[PDB]
$ cat upload.cif   # mmCIF, C-alpha atoms
data_upload
loop_
_atom_site.label_atom_id
_atom_site.label_comp_id
_atom_site.auth_asym_id
_atom_site.auth_seq_id
_atom_site.Cartn_x
_atom_site.Cartn_y
_atom_site.Cartn_z
CA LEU A 1 163.60 61.45 -137.54
CA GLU A 2 167.07 60.91 -136.07
CA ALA A 3 166.02 57.56 -134.65
CA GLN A 4 164.51 56.53 -137.98
CA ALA A 5 167.65 57.61 -139.82
CA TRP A 6 169.73 55.47 -137.49
CA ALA A 7 167.47 52.45 -137.96
CA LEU A 8 167.70 52.89 -141.73
CA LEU A 9 171.50 53.01 -141.67
CA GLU A 10 171.63 49.74 -139.77
CA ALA A 11 170.58 48.15 -143.07
CA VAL A 12 173.68 49.43 -144.87
CA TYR A 13 176.35 46.71 -144.69
CA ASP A 14 180.06 46.96 -145.44
CA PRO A 15 180.81 43.72 -147.38
CA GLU A 16 184.46 43.55 -146.28
CA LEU A 17 183.52 43.00 -142.63
CA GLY A 18 179.93 41.87 -143.07
CA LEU A 19 178.62 44.41 -140.53
CA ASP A 20 176.42 47.50 -140.86
CA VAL A 21 178.03 50.96 -141.04
CA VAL A 22 176.48 51.90 -137.69
CA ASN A 23 177.93 49.06 -135.63
CA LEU A 24 181.20 49.53 -137.52
CA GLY A 25 181.37 53.07 -136.17
CA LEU A 26 181.56 54.64 -139.63
CA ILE A 27 178.84 57.28 -139.15
CA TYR A 28 180.38 60.40 -137.60
CA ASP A 29 177.48 62.82 -137.85
CA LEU A 30 173.82 62.65 -138.87
CA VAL A 31 171.40 65.55 -139.21
CA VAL A 32 167.89 65.39 -140.61
CA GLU A 33 166.14 68.65 -141.56
CA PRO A 34 163.53 68.14 -144.32
CA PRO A 35 163.92 68.43 -147.21
CA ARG A 36 167.55 67.69 -146.34
CA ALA A 37 169.51 64.92 -144.70
CA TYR A 38 173.19 65.24 -143.89
CA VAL A 39 175.55 62.50 -142.90
CA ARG A 40 179.30 62.62 -142.37
CA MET A 41 181.01 59.24 -142.47
CA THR A 42 184.28 57.54 -143.15
CA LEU A 43 185.58 54.24 -144.54
CA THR A 44 187.67 51.51 -142.88
CA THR A 45 190.58 52.21 -145.24
CA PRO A 46 191.91 55.80 -145.59
CA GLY A 47 191.55 56.39 -149.32
CA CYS A 48 188.78 57.27 -151.77
CA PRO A 49 187.54 54.21 -153.72
CA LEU A 50 186.83 54.36 -157.46
CA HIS A 51 183.19 53.80 -156.55
CA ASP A 52 181.88 54.73 -153.11
CA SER A 53 179.19 52.05 -152.99
CA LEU A 54 178.90 52.34 -149.22
CA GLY A 55 178.39 56.11 -149.37
CA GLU A 56 175.86 55.54 -152.16
CA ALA A 57 173.93 52.95 -150.11
CA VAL A 58 173.85 55.36 -147.17
CA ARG A 59 172.43 58.02 -149.48
CA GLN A 60 169.67 55.66 -150.61
CA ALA A 61 168.72 54.67 -147.07
CA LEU A 62 168.44 58.25 -145.78
CA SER A 63 166.41 59.27 -148.83
CA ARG A 64 163.66 56.94 -147.66
CA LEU A 65 163.19 59.23 -144.66
CA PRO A 66 159.90 61.16 -144.28
CA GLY A 67 160.27 64.60 -145.84
CA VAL A 68 163.76 64.12 -147.26
CA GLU A 69 164.38 64.96 -150.92
CA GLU A 70 167.99 66.12 -150.59
CA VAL A 71 170.70 63.85 -149.19
CA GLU A 72 174.31 64.94 -148.67
CA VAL A 73 176.90 62.30 -147.78
CA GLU A 74 180.31 63.67 -146.81
CA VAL A 75 183.00 60.99 -146.75
CA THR A 76 185.90 62.15 -144.57
CA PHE A 77 189.01 60.64 -143.01
CA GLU A 78 188.99 63.01 -140.07
CA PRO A 79 189.30 61.63 -137.59
CA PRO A 80 190.92 58.54 -139.15
CA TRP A 81 188.91 55.43 -138.30
CA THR A 82 190.27 52.50 -136.25
CA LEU A 83 188.76 49.22 -135.03
CA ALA A 84 188.36 50.90 -131.64
CA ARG A 85 185.21 52.54 -133.02
CA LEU A 86 183.38 49.21 -133.27
CA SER A 87 180.38 48.70 -131.00
CA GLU A 88 180.54 45.86 -128.48
CA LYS A 89 178.03 43.95 -130.63
CA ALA A 90 180.31 44.31 -133.66
CA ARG A 91 183.21 43.01 -131.60
CA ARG A 92 181.30 39.94 -130.40
CA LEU A 93 180.42 39.22 -134.03
CA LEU A 94 183.96 39.44 -135.35
CA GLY A 95 185.32 37.50 -132.41
CA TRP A 96 187.36 40.54 -131.41
CA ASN B 1 180.01 72.50 -105.48
CA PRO B 2 183.22 73.73 -107.15
CA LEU B 3 183.09 76.38 -109.88
CA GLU B 4 183.86 73.53 -112.26
CA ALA B 5 180.76 71.53 -111.36
CA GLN B 6 178.64 74.66 -111.57
CA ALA B 7 179.97 75.49 -115.04
CA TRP B 8 179.03 72.01 -116.18
CA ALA B 9 175.45 72.37 -114.94
CA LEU B 10 175.18 75.77 -116.63
CA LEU B 11 176.43 74.47 -119.98
CA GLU B 12 173.69 71.81 -119.86
CA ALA B 13 171.21 74.62 -120.57
CA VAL B 14 172.97 75.39 -123.85
CA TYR B 15 171.18 73.44 -126.57
CA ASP B 16 172.32 72.60 -130.08
CA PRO B 17 169.23 73.32 -132.26
CA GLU B 18 170.18 70.76 -134.92
CA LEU B 19 170.15 67.76 -132.58
CA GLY B 20 167.98 69.06 -129.75
CA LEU B 21 170.46 68.21 -126.97
CA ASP B 22 172.79 70.25 -124.75
CA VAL B 23 176.42 70.85 -125.73
CA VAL B 24 177.73 68.82 -122.80
CA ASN B 25 175.83 65.61 -123.48
CA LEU B 26 176.72 66.09 -127.16
CA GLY B 27 180.36 66.06 -126.13
CA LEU B 28 181.14 69.43 -127.72
CA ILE B 29 183.04 70.81 -124.72
CA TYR B 30 186.73 69.88 -124.90
CA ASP B 31 188.19 72.00 -122.12
CA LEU B 32 186.77 74.07 -119.26
CA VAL B 33 188.89 76.16 -116.90
CA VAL B 34 187.38 78.64 -114.46
CA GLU B 35 189.69 81.06 -112.66
CA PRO B 36 187.86 84.24 -111.56
CA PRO B 37 187.39 86.72 -113.02
CA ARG B 38 188.00 84.45 -116.01
CA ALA B 39 186.37 81.41 -117.54
CA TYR B 40 187.89 79.54 -120.47
CA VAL B 41 186.27 76.88 -122.59
CA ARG B 42 187.47 75.14 -125.72
CA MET B 43 184.64 73.57 -127.71
CA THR B 44 183.81 72.28 -131.17
CA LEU B 45 180.75 72.13 -133.46
CA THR B 46 179.05 68.99 -134.88
CA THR B 47 179.89 69.95 -138.45
CA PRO B 48 183.36 71.12 -139.63
CA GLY B 49 183.14 74.75 -140.59
CA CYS B 50 182.68 78.14 -138.98
CA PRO B 51 179.02 79.27 -139.17
CA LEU B 52 178.16 82.83 -140.28
CA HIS B 53 177.04 83.42 -136.70
CA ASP B 54 178.32 81.16 -133.94
CA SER B 55 175.11 81.16 -131.89
CA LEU B 56 176.12 78.07 -129.98
CA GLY B 57 179.43 79.57 -128.88
CA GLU B 58 177.66 82.75 -127.82
CA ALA B 59 175.11 80.87 -125.70
CA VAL B 60 178.02 79.07 -124.04
CA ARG B 61 179.67 82.40 -123.24
CA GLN B 62 176.36 83.58 -121.77
CA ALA B 63 175.99 80.56 -119.49
CA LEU B 64 179.53 80.78 -118.08
CA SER B 65 179.15 84.52 -117.40
CA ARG B 66 176.57 83.51 -114.78
CA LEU B 67 179.29 81.79 -112.77
CA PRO B 68 180.11 83.65 -109.54
CA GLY B 69 183.13 85.91 -109.85
CA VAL B 70 183.37 85.42 -113.61
CA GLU B 71 183.39 88.67 -115.61
CA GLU B 72 185.22 87.62 -118.78
CA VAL B 73 184.64 84.40 -120.69
CA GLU B 74 186.88 83.22 -123.52
CA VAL B 75 185.24 80.75 -125.90
CA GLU B 76 187.63 79.06 -128.31
CA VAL B 77 185.92 77.02 -131.03
CA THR B 78 188.27 74.38 -132.50
CA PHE B 79 187.98 71.41 -134.83
CA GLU B 80 190.81 69.48 -133.23
CA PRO B 81 190.22 66.80 -132.58
CA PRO B 82 187.42 66.60 -135.18
CA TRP B 83 184.14 65.74 -133.43
CA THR B 84 182.06 62.59 -134.08
CA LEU B 85 178.87 61.14 -132.58
CA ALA B 86 181.08 58.78 -130.61
CA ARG B 87 181.54 61.70 -128.22
CA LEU B 88 177.88 61.65 -127.21
CA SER B 89 177.09 60.62 -123.64
CA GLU B 90 175.19 57.38 -123.08
CA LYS B 91 172.24 59.56 -122.12
CA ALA B 92 172.44 61.57 -125.34
CA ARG B 93 172.38 58.31 -127.33
CA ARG B 94 169.18 57.16 -125.60
CA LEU B 95 167.27 60.36 -126.40
CA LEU B 96 168.32 60.21 -130.07
CA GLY B 97 167.53 56.53 -130.43
CA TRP B 98 171.13 55.80 -131.44
CA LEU C 1 188.53 34.32 -140.61
CA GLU C 2 188.55 37.68 -138.84
CA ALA C 3 188.40 35.91 -135.45
CA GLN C 4 191.30 33.58 -136.26
CA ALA C 5 193.37 36.50 -137.49
CA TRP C 6 192.66 38.38 -134.26
CA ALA C 7 193.74 35.37 -132.20
CA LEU C 8 196.88 34.91 -134.29
CA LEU C 9 197.82 38.55 -133.65
CA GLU C 10 197.49 38.14 -129.89
CA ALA C 11 200.68 36.10 -130.21
CA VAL C 12 202.72 39.09 -131.40
CA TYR C 13 204.38 40.71 -128.40
CA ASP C 14 205.94 44.17 -128.22
CA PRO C 15 209.30 43.88 -126.40
CA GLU C 16 208.97 47.41 -125.02
CA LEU C 17 205.84 46.79 -122.92
CA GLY C 18 205.79 43.01 -122.69
CA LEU C 19 202.23 42.82 -124.05
CA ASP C 20 200.78 41.73 -127.40
CA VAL C 21 199.87 44.19 -130.17
CA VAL C 22 196.17 43.51 -129.79
CA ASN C 23 195.99 44.30 -126.08
CA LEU C 24 198.27 47.30 -126.62
CA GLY C 25 195.68 48.70 -129.03
CA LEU C 26 198.17 48.86 -131.92
CA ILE C 27 195.92 47.20 -134.49
CA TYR C 28 193.77 49.76 -136.28
CA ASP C 29 192.28 47.68 -139.10
CA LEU C 30 192.08 43.99 -139.99
CA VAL C 31 190.64 42.48 -143.15
CA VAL C 32 190.93 38.92 -144.40
CA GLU C 33 190.02 38.13 -147.99
CA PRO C 34 192.27 35.29 -149.25
CA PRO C 35 194.68 35.12 -150.88
CA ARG C 36 195.15 38.45 -149.14
CA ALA C 37 195.23 39.73 -145.58
CA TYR C 38 195.39 43.41 -144.69
CA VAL C 39 196.28 45.06 -141.43
CA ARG C 40 196.76 48.73 -140.58
CA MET C 41 198.62 49.25 -137.32
CA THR C 42 200.72 51.81 -135.47
CA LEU C 43 203.67 51.89 -133.03
CA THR C 44 203.76 53.19 -129.46
CA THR C 45 206.29 55.90 -130.28
CA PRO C 46 206.15 58.35 -133.19
CA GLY C 47 208.63 57.65 -135.96
CA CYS C 48 209.64 54.71 -138.11
CA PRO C 49 212.22 52.46 -136.44
CA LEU C 50 215.30 51.27 -138.35
CA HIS C 51 213.73 47.82 -138.42
CA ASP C 52 209.99 47.35 -138.00
CA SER C 53 210.21 43.97 -136.24
CA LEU C 54 206.69 44.32 -134.86
CA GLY C 55 205.35 44.90 -138.36
CA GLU C 56 207.29 41.90 -139.61
CA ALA C 57 205.95 39.62 -136.86
CA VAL C 58 202.44 40.69 -137.80
CA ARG C 59 203.18 39.74 -141.40
CA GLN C 60 204.23 36.24 -140.35
CA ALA C 61 201.30 35.74 -137.99
CA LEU C 62 198.83 36.53 -140.76
CA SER C 63 200.97 34.62 -143.28
CA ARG C 64 199.58 31.47 -141.65
CA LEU C 65 195.87 32.03 -142.25
CA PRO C 66 194.09 29.54 -144.55
CA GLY C 67 194.73 30.69 -148.23
CA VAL C 68 196.90 33.74 -147.66
CA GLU C 69 200.06 34.35 -149.68
CA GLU C 70 199.97 38.15 -149.69
CA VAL C 71 199.80 40.04 -146.39
CA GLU C 72 199.86 43.83 -146.41
CA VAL C 73 200.99 45.57 -143.23
CA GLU C 74 200.56 49.33 -143.29
CA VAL C 75 202.19 51.14 -140.35
CA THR C 76 200.58 54.54 -139.83
CA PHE C 77 200.60 57.19 -137.12
CA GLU C 78 197.04 58.25 -137.84
CA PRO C 79 195.45 58.48 -135.44
CA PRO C 80 198.51 58.84 -133.18
CA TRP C 81 198.53 56.18 -130.46
CA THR C 82 198.27 56.78 -126.68
CA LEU C 83 198.00 54.49 -123.63
CA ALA C 84 194.26 55.15 -123.63
CA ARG C 85 194.06 52.51 -126.37
CA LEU C 86 195.20 49.70 -124.08
CA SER C 87 192.63 47.02 -123.27
CA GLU C 88 191.30 46.61 -119.74
CA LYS C 89 193.38 43.42 -119.50
CA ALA C 90 196.46 45.32 -120.67
CA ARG C 91 196.31 48.12 -118.10
CA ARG C 92 195.56 45.36 -115.62
CA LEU C 93 198.89 43.70 -116.40
CA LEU C 94 200.77 47.01 -116.32
CA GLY C 95 199.33 48.28 -113.06
CA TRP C 96 198.00 51.30 -114.95
CA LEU D 1 209.08 49.22 -112.79
CA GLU D 2 206.29 50.39 -115.04
CA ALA D 3 204.43 50.87 -111.76
CA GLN D 4 207.11 52.98 -110.08
CA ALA D 5 206.62 55.09 -113.18
CA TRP D 6 202.81 55.20 -113.08
CA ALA D 7 202.87 56.08 -109.36
CA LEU D 8 205.43 58.89 -109.43
CA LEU D 9 203.40 60.64 -112.15
CA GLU D 10 200.10 60.35 -110.26
CA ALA D 11 201.79 62.71 -107.79
CA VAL D 12 202.26 65.39 -110.43
CA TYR D 13 199.25 67.69 -110.20
CA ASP D 14 197.86 70.23 -112.64
CA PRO D 15 197.07 73.44 -110.72
CA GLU D 16 194.47 74.61 -113.23
CA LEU D 17 192.22 71.58 -112.79
CA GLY D 18 193.55 70.48 -109.41
CA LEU D 19 194.12 66.86 -110.48
CA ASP D 20 197.10 64.61 -111.24
CA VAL D 21 198.37 64.40 -114.85
CA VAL D 22 197.48 60.70 -114.93
CA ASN D 23 193.81 61.04 -113.97
CA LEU D 24 193.67 64.09 -116.25
CA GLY D 25 194.70 61.80 -119.11
CA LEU D 26 197.76 63.86 -120.00
CA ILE D 27 200.21 60.94 -120.18
CA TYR D 28 200.19 59.33 -123.64
CA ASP D 29 203.18 56.98 -123.46
CA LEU D 30 205.53 55.81 -120.70
CA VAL D 31 208.75 53.86 -121.10
CA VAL D 32 211.45 53.29 -118.52
CA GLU D 33 214.59 51.30 -119.30
CA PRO D 34 217.60 52.53 -117.22
CA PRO D 35 219.49 54.63 -117.56
CA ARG D 36 216.63 55.91 -119.71
CA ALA D 37 213.16 57.18 -118.80
CA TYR D 38 210.84 58.29 -121.60
CA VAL D 39 207.38 59.81 -121.38
CA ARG D 40 205.18 61.40 -124.03
CA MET D 41 202.55 63.73 -122.60
CA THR D 42 200.39 66.67 -123.51
CA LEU D 43 198.86 69.77 -121.91
CA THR D 44 195.20 70.78 -121.47
CA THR D 45 195.61 73.93 -123.54
CA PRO D 46 196.83 74.19 -127.15
CA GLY D 47 200.25 75.79 -127.15
CA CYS D 48 203.56 75.72 -125.34
CA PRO D 49 203.71 77.72 -122.10
CA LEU D 50 206.64 80.02 -121.32
CA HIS D 51 207.43 77.66 -118.45
CA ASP D 52 206.28 74.06 -118.82
CA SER D 53 206.05 73.19 -115.12
CA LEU D 54 204.17 69.92 -115.58
CA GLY D 55 206.85 68.84 -118.02
CA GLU D 56 209.59 69.87 -115.61
CA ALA D 57 207.72 68.26 -112.71
CA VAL D 58 207.25 65.06 -114.72
CA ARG D 59 210.99 64.85 -115.43
CA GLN D 60 211.79 65.23 -111.73
CA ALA D 61 209.43 62.47 -110.63
CA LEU D 62 210.91 60.24 -113.32
CA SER D 63 214.51 61.13 -112.46
CA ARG D 64 214.15 59.06 -109.30
CA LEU D 65 213.18 55.69 -110.68
CA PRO D 66 215.59 52.73 -110.21
CA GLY D 67 218.89 53.84 -111.73
CA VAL D 68 217.47 56.44 -114.11
CA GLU D 69 219.88 59.25 -115.01
CA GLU D 70 218.46 60.29 -118.37
CA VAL D 71 214.77 61.20 -118.50
CA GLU D 72 213.13 62.36 -121.72
CA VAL D 73 209.84 64.24 -121.66
CA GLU D 74 208.17 64.79 -125.01
CA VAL D 75 205.29 67.26 -124.76
CA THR D 76 203.10 66.85 -127.83
CA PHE D 77 199.66 67.96 -128.99
CA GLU D 78 198.93 64.80 -130.94
CA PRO D 79 196.38 63.64 -130.48
CA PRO D 80 194.88 66.91 -129.17
CA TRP D 81 193.62 66.49 -125.61
CA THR D 82 190.00 66.94 -124.46
CA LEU D 83 188.10 66.35 -121.21
CA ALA D 84 186.94 63.03 -122.66
CA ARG D 85 190.34 61.71 -121.60
CA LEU D 86 189.68 62.20 -117.87
CA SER D 87 189.42 59.05 -115.77
CA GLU D 88 186.14 58.17 -114.02
CA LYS D 89 187.65 59.48 -110.78
CA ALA D 90 188.64 62.85 -112.25
CA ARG D 91 185.01 63.17 -113.34
CA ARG D 92 183.38 62.23 -110.02
CA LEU D 93 185.63 64.90 -108.53
CA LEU D 94 185.28 67.90 -110.83
CA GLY D 95 181.54 67.32 -110.95
CA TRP D 96 181.61 66.45 -114.65
#

$ encode --input "upload.cif" --output "structure tokens"
Amino acid sequence: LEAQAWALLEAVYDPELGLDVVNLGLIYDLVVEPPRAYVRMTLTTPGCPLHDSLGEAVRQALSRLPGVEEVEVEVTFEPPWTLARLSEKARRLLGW
Amino acid sequence: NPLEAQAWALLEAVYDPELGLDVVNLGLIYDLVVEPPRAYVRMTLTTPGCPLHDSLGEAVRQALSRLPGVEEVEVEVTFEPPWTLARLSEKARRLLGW
Amino acid sequence: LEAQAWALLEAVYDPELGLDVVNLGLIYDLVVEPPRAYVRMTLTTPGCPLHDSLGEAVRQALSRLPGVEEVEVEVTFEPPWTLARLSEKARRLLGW
Amino acid sequence: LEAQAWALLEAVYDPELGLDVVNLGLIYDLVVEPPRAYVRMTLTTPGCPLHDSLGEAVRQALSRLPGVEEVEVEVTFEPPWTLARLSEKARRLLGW
């Protein structure tokens, strides 16, 4: 369930950097407890966008989990994100 | 060996129901100081917010009370810094498939 | 584009520690989308200096990328910086 | 002399955890430029102690660098410290 949720989030890509939210280090917490799924995440820029497409795409991915009918996506800026949260793979891909 | 190492091993028995891993590998323990007859630990929870019953904090208090010469355990539950999965141990990641 | 930007920033040195901003861990966010370039960074000490030379040098460095006329340099203290953010190569040069 | 600095501090020990403030990850910033010596550090517990020995002790070890007569020790709680800031050595010593 938690492994499946992680694999599903790896499909959610942040267009600005061209990497998935997981390798970008944007997912802060993930809990799956049918019929609910809970994910706490952040964005690379500290401000709420007019449309949280990324949060929406994360909601859609988790919904496709077995036994999940309720998906809660909490977008927070605590702690504030920095490039340090990238995975090594993400770094190699950005040339950082 | 030292009371510190023992405390660590004891806290590894304290499991967070939600994720199915111990509080130490989950990175929920921020500070641990053992000075008989006292034991102090500052920890956090995976989600921001005080639960109606802090079962996890209570289990932590229980585990530390087993330490030799410890009769009073203080468990401070803070949200600073705010916890994230990045605090998981490499081992914790493996088990979760993350 | 992200890789060239990163490399260009490695040229910006911080007088105080004699190391570049990248190895010092001062760059929190980097996004290149011509004609714009965006960088969120911090300083080693809390507080805005009378003249943010470091911020200015970052502006120039990015003001050289292909198709970039508007560079935004946001200097934040969130999260607050510490020496733990230095790269392995940085602490290697500082004997830390 | 950013090594004279790093060394003198590694001699300052925290009685509570029996380790040096450096390996404990308590030193956030270090800047020495005679006659000035500046260090930003934190404590393991949240709150100012009646007597900040570590702070005092840090000032003393820094008041003996090359030509340093004015040492500044800023004790902050930002970012808030946690055991995750211990060095690998501190860990393989406190059995953590």

$ calpha_fit_and_write --input "upload.cif" --fixed "chain D" --moving "chain C" --output "PDB file with C-alpha atoms, in the coordinates of the input"
ATOM      1  CA  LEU C   1     209.176  49.579-113.273  1.00  0.00           C
ATOM      2  CA  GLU C   2     206.257  50.757-115.397  1.00  0.00           C
ATOM      3  CA  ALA C   3     203.930  50.491-112.370  1.00  0.00           C
ATOM      4  CA  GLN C   4     206.242  52.494-110.104  1.00  0.00           C
ATOM      5  CA  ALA C   5     206.624  55.159-112.764  1.00  0.00           C
ATOM      6  CA  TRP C   6     202.841  55.384-113.099  1.00  0.00           C
ATOM      7  CA  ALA C   7     202.472  55.785-109.334  1.00  0.00           C
ATOM      8  CA  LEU C   8     205.220  58.407-109.218  1.00  0.00           C
ATOM      9  CA  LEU C   9     203.397  60.413-111.901  1.00  0.00           C
ATOM     10  CA  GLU C  10     200.154  60.405-109.928  1.00  0.00           C
ATOM     11  CA  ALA C  11     201.980  62.822-107.635  1.00  0.00           C
ATOM     12  CA  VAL C  12     202.291  65.484-110.344  1.00  0.00           C
ATOM     13  CA  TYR C  13     199.353  67.864-110.063  1.00  0.00           C
ATOM     14  CA  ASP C  14     198.151  70.357-112.667  1.00  0.00           C
ATOM     15  CA  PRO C  15     197.413  73.677-110.901  1.00  0.00           C
ATOM     16  CA  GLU C  16     194.691  74.526-113.421  1.00  0.00           C
ATOM     17  CA  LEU C  17     192.372  71.607-112.591  1.00  0.00           C
ATOM     18  CA  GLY C  18     193.680  70.506-109.212  1.00  0.00           C
ATOM     19  CA  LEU C  19     194.159  66.910-110.396  1.00  0.00           C
ATOM     20  CA  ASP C  20     197.241  64.842-111.250  1.00  0.00           C
ATOM     21  CA  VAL C  21     198.501  64.366-114.820  1.00  0.00           C
ATOM     22  CA  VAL C  22     197.602  60.693-114.827  1.00  0.00           C
ATOM     23  CA  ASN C  23     193.953  61.165-113.889  1.00  0.00           C
ATOM     24  CA  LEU C  24     193.738  64.131-116.265  1.00  0.00           C
ATOM     25  CA  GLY C  25     194.725  61.794-119.101  1.00  0.00           C
ATOM     26  CA  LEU C  26     197.786  63.884-120.018  1.00  0.00           C
ATOM     27  CA  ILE C  27     200.227  60.979-120.194  1.00  0.00           C
ATOM     28  CA  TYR C  28     200.296  59.462-123.668  1.00  0.00           C
ATOM     29  CA  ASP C  29     203.299  57.133-123.433  1.00  0.00           C
ATOM     30  CA  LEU C  30     205.531  55.789-120.665  1.00  0.00           C
ATOM     31  CA  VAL C  31     208.616  53.631-121.067  1.00  0.00           C
ATOM     32  CA  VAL C  32     211.225  52.750-118.472  1.00  0.00           C
ATOM     33  CA  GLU C  33     214.522  51.254-119.583  1.00  0.00           C
ATOM     34  CA  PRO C  34     217.293  52.442-117.211  1.00  0.00           C
ATOM     35  CA  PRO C  35     219.351  54.504-117.292  1.00  0.00           C
ATOM     36  CA  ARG C  36     216.572  56.098-119.310  1.00  0.00           C
ATOM     37  CA  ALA C  37     212.917  56.941-118.811  1.00  0.00           C
ATOM     38  CA  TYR C  38     210.680  58.244-121.579  1.00  0.00           C
ATOM     39  CA  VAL C  39     207.325  59.929-121.368  1.00  0.00           C
ATOM     40  CA  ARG C  40     205.200  61.530-124.078  1.00  0.00           C
ATOM     41  CA  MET C  41     202.520  63.816-122.683  1.00  0.00           C
ATOM     42  CA  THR C  42     200.322  66.754-123.644  1.00  0.00           C
ATOM     43  CA  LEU C  43     198.792  69.859-122.007  1.00  0.00           C
ATOM     44  CA  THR C  44     195.122  70.718-121.519  1.00  0.00           C
ATOM     45  CA  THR C  45     195.329  73.807-123.717  1.00  0.00           C
ATOM     46  CA  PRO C  46     196.890  74.046-127.180  1.00  0.00           C
ATOM     47  CA  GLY C  47     200.189  75.894-127.297  1.00  0.00           C
ATOM     48  CA  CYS C  48     203.509  75.774-125.494  1.00  0.00           C
ATOM     49  CA  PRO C  49     203.518  77.775-122.254  1.00  0.00           C
ATOM     50  CA  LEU C  50     206.387  80.151-121.435  1.00  0.00           C
ATOM     51  CA  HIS C  51     207.485  77.664-118.793  1.00  0.00           C
ATOM     52  CA  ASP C  52     206.457  74.018-118.973  1.00  0.00           C
ATOM     53  CA  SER C  53     206.308  73.460-115.200  1.00  0.00           C
ATOM     54  CA  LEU C  54     204.148  70.366-115.617  1.00  0.00           C
ATOM     55  CA  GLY C  55     206.716  68.862-117.968  1.00  0.00           C
ATOM     56  CA  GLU C  56     209.472  69.711-115.517  1.00  0.00           C
ATOM     57  CA  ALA C  57     207.649  68.094-112.581  1.00  0.00           C
ATOM     58  CA  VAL C  58     207.259  64.953-114.661  1.00  0.00           C
ATOM     59  CA  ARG C  59     211.002  64.981-115.295  1.00  0.00           C
ATOM     60  CA  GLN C  60     211.718  65.099-111.563  1.00  0.00           C
ATOM     61  CA  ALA C  61     209.165  62.433-110.680  1.00  0.00           C
ATOM     62  CA  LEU C  62     210.745  59.996-113.121  1.00  0.00           C
ATOM     63  CA  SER C  63     214.233  61.204-112.145  1.00  0.00           C
ATOM     64  CA  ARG C  64     213.743  59.165-108.964  1.00  0.00           C
ATOM     65  CA  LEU C  65     213.212  55.726-110.491  1.00  0.00           C
ATOM     66  CA  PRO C  66     215.853  53.062-109.727  1.00  0.00           C
ATOM     67  CA  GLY C  67     218.798  53.585-112.243  1.00  0.00           C
ATOM     68  CA  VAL C  68     217.553  56.585-114.188  1.00  0.00           C
ATOM     69  CA  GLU C  69     219.812  59.539-114.967  1.00  0.00           C
ATOM     70  CA  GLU C  70     218.269  60.538-118.294  1.00  0.00           C
ATOM     71  CA  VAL C  71     214.543  61.287-118.494  1.00  0.00           C
ATOM     72  CA  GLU C  72     213.046  62.424-121.786  1.00  0.00           C
ATOM     73  CA  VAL C  73     209.780  64.355-121.639  1.00  0.00           C
ATOM     74  CA  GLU C  74     208.220  65.012-125.025  1.00  0.00           C
ATOM     75  CA  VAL C  75     205.252  67.412-124.942  1.00  0.00           C
ATOM     76  CA  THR C  76     203.056  66.909-128.000  1.00  0.00           C
ATOM     77  CA  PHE C  77     199.589  67.990-129.086  1.00  0.00           C
ATOM     78  CA  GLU C  78     198.997  64.823-131.070  1.00  0.00           C
ATOM     79  CA  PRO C  79     196.416  63.646-130.525  1.00  0.00           C
ATOM     80  CA  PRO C  80     194.958  66.915-129.189  1.00  0.00           C
ATOM     81  CA  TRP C  81     193.622  66.481-125.653  1.00  0.00           C
ATOM     82  CA  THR C  82     189.970  66.831-124.535  1.00  0.00           C
ATOM     83  CA  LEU C  83     188.127  66.264-121.233  1.00  0.00           C
ATOM     84  CA  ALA C  84     187.016  62.893-122.584  1.00  0.00           C
ATOM     85  CA  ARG C  85     190.465  61.640-121.558  1.00  0.00           C
ATOM     86  CA  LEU C  86     189.824  62.181-117.852  1.00  0.00           C
ATOM     87  CA  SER C  87     189.605  59.061-115.693  1.00  0.00           C
ATOM     88  CA  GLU C  88     186.340  58.075-114.031  1.00  0.00           C
ATOM     89  CA  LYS C  89     187.882  59.171-110.717  1.00  0.00           C
ATOM     90  CA  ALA C  90     188.850  62.513-112.254  1.00  0.00           C
ATOM     91  CA  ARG C  91     185.408  63.460-113.568  1.00  0.00           C
ATOM     92  CA  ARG C  92     184.152  62.237-110.213  1.00  0.00           C
ATOM     93  CA  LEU C  93     186.265  64.845-108.427  1.00  0.00           C
ATOM     94  CA  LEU C  94     185.285  67.588-110.878  1.00  0.00           C
ATOM     95  CA  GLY C  95     181.556  66.947-110.821  1.00  0.00           C
ATOM     96  CA  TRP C  96     181.715  66.331-114.570  1.00  0.00           C
TER      97      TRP C  96
END

$ closest_residue --input "upload.cif" --among "C:52, C:16, C:10, C:29" --to "chain D" --atoms "all atoms listed in the file"
C:16

$ resolve_selection --input "upload.cif" --expression "the PyMOL selection byres ((chain D) within 10 of (chain B))" --output "ChimeraX atom specification"
/D:16-17,44-46,77-85,91-96

$ resolve_selection --input "upload.cif" --expression "the PyMOL selection byres ((chain C and resi 56) around 12)" --output "ChimeraX atom specification"
/C:9,12-14,39,41,51-55,57-63,71-75

$ atom_distance --input "upload.cif" --atom1 "atom CA of residue D:86" --atom2 "atom CA of residue D:42"
12.9 Å

$ interface_residues --input "upload.cif" --of "chain C" --to "chain A" --cutoff "9 Å" --atoms "only C-alpha atoms" --output "tab-separated table (two decimals) with C-alpha atoms, in the coordinates of the input"
chain	number	residue	atom	x	y	z
C	1	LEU	CA	188.53	34.32	-140.61
C	2	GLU	CA	188.55	37.68	-138.84
C	3	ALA	CA	188.40	35.91	-135.45
C	4	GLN	CA	191.30	33.58	-136.26
C	6	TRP	CA	192.66	38.38	-134.26
C	7	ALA	CA	193.74	35.37	-132.20
C	25	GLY	CA	195.68	48.70	-129.03
C	27	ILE	CA	195.92	47.20	-134.49
C	28	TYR	CA	193.77	49.76	-136.28
C	29	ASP	CA	192.28	47.68	-139.10
C	30	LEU	CA	192.08	43.99	-139.99
C	31	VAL	CA	190.64	42.48	-143.15
C	32	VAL	CA	190.93	38.92	-144.40
C	33	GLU	CA	190.02	38.13	-147.99
C	40	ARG	CA	196.76	48.73	-140.58
C	78	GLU	CA	197.04	58.25	-137.84
C	79	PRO	CA	195.45	58.48	-135.44
C	85	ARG	CA	194.06	52.51	-126.37
